[PDB]
Amino acid sequence: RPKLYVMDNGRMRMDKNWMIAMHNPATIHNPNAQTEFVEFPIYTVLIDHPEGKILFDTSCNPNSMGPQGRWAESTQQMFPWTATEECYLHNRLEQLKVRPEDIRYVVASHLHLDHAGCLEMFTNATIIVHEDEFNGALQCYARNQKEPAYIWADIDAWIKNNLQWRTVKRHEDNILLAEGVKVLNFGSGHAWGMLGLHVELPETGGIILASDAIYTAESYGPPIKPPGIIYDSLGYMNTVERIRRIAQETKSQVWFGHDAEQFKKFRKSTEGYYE
Amino acid sequence: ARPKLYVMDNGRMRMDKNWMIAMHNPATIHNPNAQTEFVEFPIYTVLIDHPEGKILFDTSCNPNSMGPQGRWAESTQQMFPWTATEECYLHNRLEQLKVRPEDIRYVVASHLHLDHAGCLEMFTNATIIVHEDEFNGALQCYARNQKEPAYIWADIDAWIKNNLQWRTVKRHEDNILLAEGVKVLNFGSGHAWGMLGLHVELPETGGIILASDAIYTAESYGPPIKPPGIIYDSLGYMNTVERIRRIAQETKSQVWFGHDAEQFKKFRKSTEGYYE
Ligand SMILES: [Co+2]
Ligand SMILES: [Co+2]
Ligand SMILES: [Fe+3]
Ligand SMILES: [Fe+3]
C-alpha cells in the first residue's frame with residue numbers, strides 16, 4: 001500500500017566539529033590544528049499512506065539565506081544552505097503532484113533551521129513535535145534570544161499561520177500514526193526534544209528515520225562519536241543505543257539525518273520511491 | 001580553629017582550546033579552515049593545614065607521567081603535555097612546607113583525571129574521598145583495559161597496589177562536614193562521572209569554593225557559561241556551574257577555578273604564604 005519518497009532539499013556546510021566533536025585535536029606537533037567545512041544533505045521524507053500523507057521534516061525556508069533572508073548573517077556564514085529552486089520543499093512536493101494541503105501529518109524531528117524551515121506551509125496538517133523542543137523554540141522567540149539554530153522569523157511564521165500542533169509529552173509513549181508508521185519519542189539529546197519515525201514497508205521492511213539523533217554513520221559507529229551541537233550528552237548517547245537496539249530487534253535500516261554517502265545511495269523523489 | 005590554606009604550583013599543561021571551551025572559534029564560509037590554539041594552563045593543588053588534621057584537595061600529575069618510560073600513553077602526552085620541575089612535584093611542595101604524605105588525614109579527589117589523581121598513591125595514611133560514580137568509572141577503564149586518555153591505567157594500578165583507604169561519596173549523598181569550616185560538595189556528574197568540590201570558611205579570608213574542573217576558567221564561568229569539550233553530562237555540568245554561582249552568592253565566597261591562568265597568577269602560592 002504505502003509509498004515512501006526521499007526529497008532532496010539541498011546542501012549545507014559547517015565546521016566538522018559540530019558534526020563530530022574534537023574530530024582533529026591539536027597536538028604538540030600540530031599546535032594550530034585546522035578544522036574543515038563539511039558539506040551534508042538536507043532532506044525530507046514523504047510517506048504516501050492510505051490513511052493520509054505523512055511528512056517527516058520540512059528542510060529550510062526558501063527565504064532563509066541572502067541579505068534579505070530570514071537567517072541572521074552570522075547563521076548564514078556558519079551554516080550556509082545552497083539549493084536550486086527545484087530543491088525547495090514546495091517544489092519537490094509539486095513534482096509529486098502533492099499540495100501542502102494534502103499533508104495530514106508533519107513530524108518535526110526537532111525545530112532546527114534545517115528541519116523546521118517550511119512548517120508554515122502546512123496549515124491543514126497536524127504538526128507533531130516534542131513538547132520540550134516546542135517550549136525551547138518558543139522561549140528563544142519570546143526572549144529574542146540569539147540562538148543560531150532557531151530562526152526567529154520561521155517561528156514568527158508558524159504562529160501567524162495558525163498551525164495545528166500536537167506536542168509529544170516528555171514521558172509519552174511512541175505514537176501509532178498509521179499502519180506501520182510510529183513516531184518514536186527520543187527525548188532530549190541533540191536538541192531539547194527529538195522525534196524519530198519507524199516505518200514498516202511491505203517490500204522494503206523496516207526503516208528508522210533518526211534525523212539529527214544520528215548525524216552520520218561515523219556518529220553511529222560503534223563507537224559513538226557525539227556532535228558539538230548537543231544539549232543533553234547523556235540523553236544523546238541513550239538515544240543512539242536505543243535506536244541501535246530497535247534496529248536490531250525490528251531488523252530495520254537506520255536513515256541518518258545528514259550522511260552524504262547514504263543519501264547518494266537513496267532513491268530520490270525524482271527517480272522513484274520505496275514500497 | 002585557625003587554619004592555613006596553601007596553593008601549590010604543580011606545573012603547567014597545554015591542550016587544544018576546544019577541550020577547554022567547546023567550539024570557541026567555529027569555521028565560517030569566509031574562514032572555512034579556522035584553526036585552533038594550544039593554550040597553557042596551571043595544575044595546582046590545595047593543602048588545608050587544619051587543627052583537626054591536614055586536608056589535601058587534588059594531587060596533580062604523577063612525577064613519572066611524561067617521557068618514553070612514562071605512565072601516560074604517547075597520544076595522551078601529545079594532547080595534554082605536562083611540563084613541571086622537581087619543585088613543582090607535589091611531594092616536594094609538601095616537603096617544602098614540612099609536610100610528609102603520612103601527615104595528610106584526608107585527600108579529596110575532585111575527580112580521577114590524570115591531572116588531579118596523579119599522586120593519590122602517596123597518601124597511604126589518608127582517607128581518600130572520591131565520588132562513587134567517578135571511582136566506579138575509573139575502575140571500569142582499568143578492568144576493561146580501556147584506553148580513555150584522561151584516566152591513567154598505571155595510576156589506578158598503583159592506588160590498588162598501595163591499598164589506599166577509600167571513602168566514596170554516594171550519588172545522592174549530602175555535603176560532608178570534613179572539619180570545622182570545611183565541607184565536601186557533591187557536584188555529581190558533569191565534567192566527569194562524579195565531581196567533588198570543597199567549601200572552605202577561613203576566619204580572615206572568608207569563603208572559598210574549590211570548583212576544580214567543574215569550572216575550568218573565568219571564561220567557562222561567564223556569564224554566559226561556556227561549556228567545555230571534555231564533558232560527560234552536559235546538563236549536570238550546567239546545573240553544577242549554576243549551583244556554584246548560587247552557593248558563591250549566598251555564602252559570599254570566591255570561586256577558584258581548576259585551570260585559570262590569570263586567577264592562578266594572583267594567588268599567593270606556597271612559596272610566598274597562605275590564606276587564613
Ligand atoms: Co539539528
Ligand atoms: Co578533569
Ligand atoms: Fe539537521
Ligand atoms: Fe583538570
# chains A, B, ... in the order shown; residues from 1 in each chain; ligands from 1
$ residues_around --residues "stretch 12-15 of chain B" --least-positions-apart "3" --cutoff "6 Å" --atoms "only C-alpha atoms" --output "VMD selection string"
chain B and resid 38 to 43 79 to 83
$ write_last_selection --atoms "N, CA, C and O atoms" --output "PDB file, in the first residue's frame"
ATOM      1  N   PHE B  38      46.776  26.124  21.042  1.00  0.00           N
ATOM      2  CA  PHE B  38      47.239  25.232  22.089  1.00  0.00           C
ATOM      3  C   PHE B  38      47.501  26.065  23.341  1.00  0.00           C
ATOM      4  O   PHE B  38      48.556  26.683  23.464  1.00  0.00           O
ATOM      5  N   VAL B  39      46.531  26.085  24.262  1.00  0.00           N
ATOM      6  CA  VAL B  39      46.574  27.001  25.391  1.00  0.00           C
ATOM      7  C   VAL B  39      47.258  26.325  26.573  1.00  0.00           C
ATOM      8  O   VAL B  39      47.091  25.129  26.802  1.00  0.00           O
ATOM      9  N   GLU B  40      48.024  27.125  27.320  1.00  0.00           N
ATOM     10  CA  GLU B  40      48.714  26.664  28.511  1.00  0.00           C
ATOM     11  C   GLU B  40      47.878  27.037  29.730  1.00  0.00           C
ATOM     12  O   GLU B  40      47.185  28.052  29.722  1.00  0.00           O
ATOM     13  N   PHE B  41      47.946  26.204  30.772  1.00  0.00           N
ATOM     14  CA  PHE B  41      47.170  26.443  31.976  1.00  0.00           C
ATOM     15  C   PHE B  41      47.843  25.756  33.159  1.00  0.00           C
ATOM     16  O   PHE B  41      48.611  24.812  32.990  1.00  0.00           O
ATOM     17  N   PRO B  42      47.568  26.228  34.394  1.00  0.00           N
ATOM     18  CA  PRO B  42      48.207  25.687  35.590  1.00  0.00           C
ATOM     19  C   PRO B  42      47.542  24.436  36.152  1.00  0.00           C
ATOM     20  O   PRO B  42      46.328  24.266  36.066  1.00  0.00           O
ATOM     21  N   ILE B  43      48.381  23.573  36.725  1.00  0.00           N
ATOM     22  CA  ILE B  43      47.937  22.451  37.529  1.00  0.00           C
ATOM     23  C   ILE B  43      48.303  22.769  38.974  1.00  0.00           C
ATOM     24  O   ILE B  43      49.477  22.968  39.279  1.00  0.00           O
ATOM     25  N   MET B  79      48.649  15.280  23.510  1.00  0.00           N
ATOM     26  CA  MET B  79      47.430  16.072  23.530  1.00  0.00           C
ATOM     27  C   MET B  79      47.361  16.907  24.806  1.00  0.00           C
ATOM     28  O   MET B  79      46.780  17.991  24.804  1.00  0.00           O
ATOM     29  N   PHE B  80      47.958  16.399  25.888  1.00  0.00           N
ATOM     30  CA  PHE B  80      47.877  17.058  27.181  1.00  0.00           C
ATOM     31  C   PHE B  80      49.254  17.078  27.840  1.00  0.00           C
ATOM     32  O   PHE B  80      49.406  16.630  28.974  1.00  0.00           O
ATOM     33  N   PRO B  81      50.294  17.617  27.165  1.00  0.00           N
ATOM     34  CA  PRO B  81      51.645  17.627  27.725  1.00  0.00           C
ATOM     35  C   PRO B  81      51.722  18.390  29.042  1.00  0.00           C
ATOM     36  O   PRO B  81      51.210  19.501  29.160  1.00  0.00           O
ATOM     37  N   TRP B  82      52.379  17.767  30.022  1.00  0.00           N
ATOM     38  CA  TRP B  82      52.591  18.367  31.326  1.00  0.00           C
ATOM     39  C   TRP B  82      54.065  18.730  31.484  1.00  0.00           C
ATOM     40  O   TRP B  82      54.936  17.872  31.370  1.00  0.00           O
ATOM     41  N   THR B  83      54.324  20.015  31.737  1.00  0.00           N
ATOM     42  CA  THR B  83      55.673  20.499  31.975  1.00  0.00           C
ATOM     43  C   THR B  83      55.777  20.954  33.428  1.00  0.00           C
ATOM     44  O   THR B  83      54.978  21.765  33.889  1.00  0.00           O
TER      45      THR B  83
END
$ select_by_dssp --residues "stretch 121-199 of chain B" --states "helix (DSSP H, G or I)" --output "MDAnalysis selection string"
chainID B and resid 121:122 132:143 153:161
$ residues_near_ligand --ligand "ligand 4" --cutoff "12 Å" --atoms "only C-alpha atoms and all ligand atoms" --output "PDB file with C-alpha atoms, in the first residue's frame"
ATOM      1  CA  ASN B  10      52.263  21.586  40.365  1.00  0.00           C
ATOM      2  CA  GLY B  11      53.232  22.662  36.852  1.00  0.00           C
ATOM      3  CA  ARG B  12      51.656  23.740  33.567  1.00  0.00           C
ATOM      4  CA  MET B  13      49.667  21.777  30.972  1.00  0.00           C
ATOM      5  CA  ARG B  14      48.788  22.574  27.344  1.00  0.00           C
ATOM      6  CA  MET B  15      45.874  21.349  25.203  1.00  0.00           C
ATOM      7  CA  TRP B  19      38.821  20.898  25.056  1.00  0.00           C
ATOM      8  CA  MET B  20      38.630  23.856  27.431  1.00  0.00           C
ATOM      9  CA  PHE B  41      47.170  26.443  31.976  1.00  0.00           C
ATOM     10  CA  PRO B  42      48.207  25.687  35.590  1.00  0.00           C
ATOM     11  CA  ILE B  43      47.937  22.451  37.529  1.00  0.00           C
ATOM     12  CA  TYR B  44      47.599  23.151  41.243  1.00  0.00           C
ATOM     13  CA  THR B  45      46.555  21.510  44.490  1.00  0.00           C
ATOM     14  CA  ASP B  58      43.638  17.133  44.365  1.00  0.00           C
ATOM     15  CA  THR B  59      47.094  15.613  43.831  1.00  0.00           C
ATOM     16  CA  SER B  60      48.243  16.927  40.421  1.00  0.00           C
ATOM     17  CA  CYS B  61      50.062  14.656  37.943  1.00  0.00           C
ATOM     18  CA  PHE B  80      47.877  17.058  27.181  1.00  0.00           C
ATOM     19  CA  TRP B  82      52.591  18.367  31.326  1.00  0.00           C
ATOM     20  CA  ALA B 109      39.745  13.833  44.837  1.00  0.00           C
ATOM     21  CA  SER B 110      37.714  16.311  42.784  1.00  0.00           C
ATOM     22  CA  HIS B 111      37.774  13.609  40.121  1.00  0.00           C
ATOM     23  CA  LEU B 112      40.162  10.952  38.827  1.00  0.00           C
ATOM     24  CA  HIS B 113      41.516  12.688  35.724  1.00  0.00           C
ATOM     25  CA  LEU B 114      45.249  12.414  35.075  1.00  0.00           C
ATOM     26  CA  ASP B 115      45.966  15.923  36.359  1.00  0.00           C
ATOM     27  CA  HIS B 116      44.101  15.570  39.664  1.00  0.00           C
ATOM     28  CA  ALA B 117      44.573  11.954  40.778  1.00  0.00           C
ATOM     29  CA  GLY B 118      48.217  11.569  39.744  1.00  0.00           C
ATOM     30  CA  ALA B 150      42.184  11.169  30.844  1.00  0.00           C
ATOM     31  CA  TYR B 151      42.378   8.055  33.042  1.00  0.00           C
ATOM     32  CA  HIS B 191      32.731  17.380  33.506  1.00  0.00           C
ATOM     33  CA  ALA B 192      33.256  13.758  34.535  1.00  0.00           C
ATOM     34  CA  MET B 195      32.788  15.718  40.679  1.00  0.00           C
ATOM     35  CA  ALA B 211      35.471  24.029  41.904  1.00  0.00           C
ATOM     36  CA  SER B 212      38.260  22.134  40.154  1.00  0.00           C
ATOM     37  CA  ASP B 213      37.151  21.099  36.660  1.00  0.00           C
ATOM     38  CA  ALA B 214      33.518  21.865  37.446  1.00  0.00           C
ATOM     39  CA  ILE B 215      34.648  25.276  36.204  1.00  0.00           C
ATOM     40  CA  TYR B 216      37.810  25.354  34.081  1.00  0.00           C
ATOM     41  CA  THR B 217      38.264  29.129  33.859  1.00  0.00           C
ATOM     42  CA  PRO B 228      33.988  22.535  27.754  1.00  0.00           C
ATOM     43  CA  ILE B 230      35.671  17.392  27.737  1.00  0.00           C
ATOM     44  CA  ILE B 231      32.142  16.676  29.002  1.00  0.00           C
ATOM     45  CA  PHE B 257      38.596  27.563  39.055  1.00  0.00           C
ATOM     46  CA  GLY B 258      40.533  24.437  38.122  1.00  0.00           C
ATOM     47  CA  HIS B 259      42.845  25.903  35.489  1.00  0.00           C
ATOM     48  CA  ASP B 260      42.507  29.690  35.208  1.00  0.00           C
TER      49      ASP B 260
END
$ atom_distance --atom1 "atom CA of residue B:196" --atom2 "atom CA of residue B:130"
7.1 Å
$ closest_residue --among "A:271, A:51, A:73, A:241" --to "chain B" --atoms "only C-alpha atoms"
A:73
$ residues_around --residues "residue A:9" --least-positions-apart "3" --cutoff "6 Å" --atoms "only C-alpha atoms" --output "list in words"
residues 42, 43, 87 and 88 of chain A
$ interface_residues --of "chain B" --to "chain A" --cutoff "10 Å" --atoms "only C-alpha atoms" --output "ChimeraX atom specification"
/B:14-19,22-23,25-39,75-81,190,229-236
$ write_last_selection --atoms "N, CA and C atoms" --output "tab-separated table (two decimals), in the first residue's frame"
chain	number	residue	atom	x	y	z
B	14	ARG	N	49.26	21.96	28.57
B	14	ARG	CA	48.79	22.57	27.34
B	14	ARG	C	47.83	21.62	26.63
B	15	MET	N	46.82	22.16	25.95
B	15	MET	CA	45.87	21.35	25.20
B	15	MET	C	45.07	22.22	24.24
B	16	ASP	N	44.39	21.57	23.29
B	16	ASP	CA	43.51	22.26	22.36
B	16	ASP	C	42.51	23.09	23.16
B	17	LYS	N	42.31	24.35	22.75
B	17	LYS	CA	41.44	25.23	23.49
B	17	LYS	C	39.99	24.77	23.34
B	18	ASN	N	39.74	23.87	22.38
B	18	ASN	CA	38.40	23.35	22.17
B	18	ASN	C	38.04	22.39	23.31
B	19	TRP	N	39.04	21.71	23.87
B	19	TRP	CA	38.82	20.90	25.06
B	19	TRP	C	38.29	21.79	26.18
B	22	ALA	N	34.34	24.56	24.39
B	22	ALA	CA	33.76	23.91	23.23
B	22	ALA	C	33.46	24.93	22.13
B	23	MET	N	33.91	24.62	20.91
B	23	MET	CA	33.59	25.40	19.73
B	23	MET	C	33.87	26.88	20.00
B	25	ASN	N	35.90	28.81	18.43
B	25	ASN	CA	36.22	29.55	17.22
B	25	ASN	C	35.74	28.76	16.01
B	26	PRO	N	34.42	28.72	15.75
B	26	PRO	CA	33.87	27.93	14.64
B	26	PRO	C	34.25	28.47	13.27
B	27	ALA	N	34.56	27.55	12.35
B	27	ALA	CA	34.75	27.88	10.95
B	27	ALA	C	33.50	28.55	10.40
B	28	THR	N	33.70	29.46	9.44
B	28	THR	CA	32.60	30.09	8.72
B	28	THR	C	32.89	29.98	7.23
B	29	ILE	N	32.01	30.57	6.41
B	29	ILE	CA	32.10	30.44	4.97
B	29	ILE	C	33.39	31.10	4.48
B	30	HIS	N	33.73	32.25	5.06
B	30	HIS	CA	34.89	33.02	4.61
B	30	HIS	C	36.11	32.67	5.46
B	31	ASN	N	35.94	31.72	6.39
B	31	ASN	CA	37.05	31.21	7.18
B	31	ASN	C	36.83	29.73	7.43
B	32	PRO	N	36.76	28.91	6.35
B	32	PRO	CA	36.32	27.51	6.47
B	32	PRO	C	37.30	26.56	7.15
B	33	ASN	N	38.57	26.99	7.26
B	33	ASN	CA	39.60	26.13	7.82
B	33	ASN	C	40.09	26.72	9.14
B	34	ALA	N	39.23	27.50	9.80
B	34	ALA	CA	39.56	28.11	11.07
B	34	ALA	C	40.45	27.16	11.86
B	35	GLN	N	41.51	27.71	12.47
B	35	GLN	CA	42.46	26.89	13.21
B	35	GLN	C	42.27	27.14	14.70
B	36	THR	N	42.69	26.16	15.51
B	36	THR	CA	42.58	26.26	16.96
B	36	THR	C	43.93	26.67	17.52
B	37	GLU	N	43.99	26.81	18.85
B	37	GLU	CA	45.21	27.18	19.53
B	37	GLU	C	45.50	26.18	20.64
B	38	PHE	N	46.78	26.12	21.04
B	38	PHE	CA	47.24	25.23	22.09
B	38	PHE	C	47.50	26.06	23.34
B	39	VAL	N	46.53	26.08	24.26
B	39	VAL	CA	46.57	27.00	25.39
B	39	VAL	C	47.26	26.32	26.57
B	75	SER	N	49.90	9.28	22.97
B	75	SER	CA	48.83	10.12	22.45
B	75	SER	C	48.34	11.07	23.54
B	76	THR	N	48.38	10.60	24.79
B	76	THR	CA	47.99	11.42	25.92
B	76	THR	C	49.02	12.53	26.11
B	77	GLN	N	50.30	12.16	26.01
B	77	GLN	CA	51.39	13.09	26.26
B	77	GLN	C	51.39	14.18	25.21
B	78	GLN	N	50.89	13.86	24.01
B	78	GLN	CA	50.95	14.77	22.89
B	78	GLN	C	49.76	15.73	22.93
B	79	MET	N	48.65	15.28	23.51
B	79	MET	CA	47.43	16.07	23.53
B	79	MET	C	47.36	16.91	24.81
B	80	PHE	N	47.96	16.40	25.89
B	80	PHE	CA	47.88	17.06	27.18
B	80	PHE	C	49.25	17.08	27.84
B	81	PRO	N	50.29	17.62	27.16
B	81	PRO	CA	51.65	17.63	27.72
B	81	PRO	C	51.72	18.39	29.04
B	190	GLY	N	29.02	15.66	35.44
B	190	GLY	CA	29.13	16.83	34.60
B	190	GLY	C	30.38	16.75	33.72
B	229	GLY	N	34.79	21.03	26.03
B	229	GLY	CA	34.71	19.94	25.08
B	229	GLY	C	34.81	18.59	25.79
B	230	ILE	N	35.58	18.57	26.88
B	230	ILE	CA	35.67	17.39	27.74
B	230	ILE	C	34.45	17.37	28.65
B	231	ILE	N	33.36	16.72	28.21
B	231	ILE	CA	32.14	16.68	29.00
B	231	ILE	C	31.51	15.28	28.93
B	232	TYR	N	30.94	14.85	30.06
B	232	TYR	CA	30.23	13.58	30.15
B	232	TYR	C	28.73	13.85	30.23
B	233	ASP	N	28.34	14.71	31.19
B	233	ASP	CA	26.95	15.06	31.41
B	233	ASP	C	26.78	16.57	31.24
B	234	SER	N	26.37	16.99	30.04
B	234	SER	CA	26.21	18.39	29.71
B	234	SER	C	25.28	19.08	30.71
B	235	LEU	N	24.09	18.49	30.92
B	235	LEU	CA	23.08	19.09	31.78
B	235	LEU	C	23.62	19.23	33.20
B	236	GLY	N	24.26	18.16	33.70
B	236	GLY	CA	24.82	18.16	35.04
B	236	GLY	C	25.91	19.21	35.21
$ select_by_dssp --residues "stretch 141-214 of chain A" --states "strand (DSSP E)" --output "ChimeraX atom specification"
/A:164-168,175-178,181-187,194-201,205-211
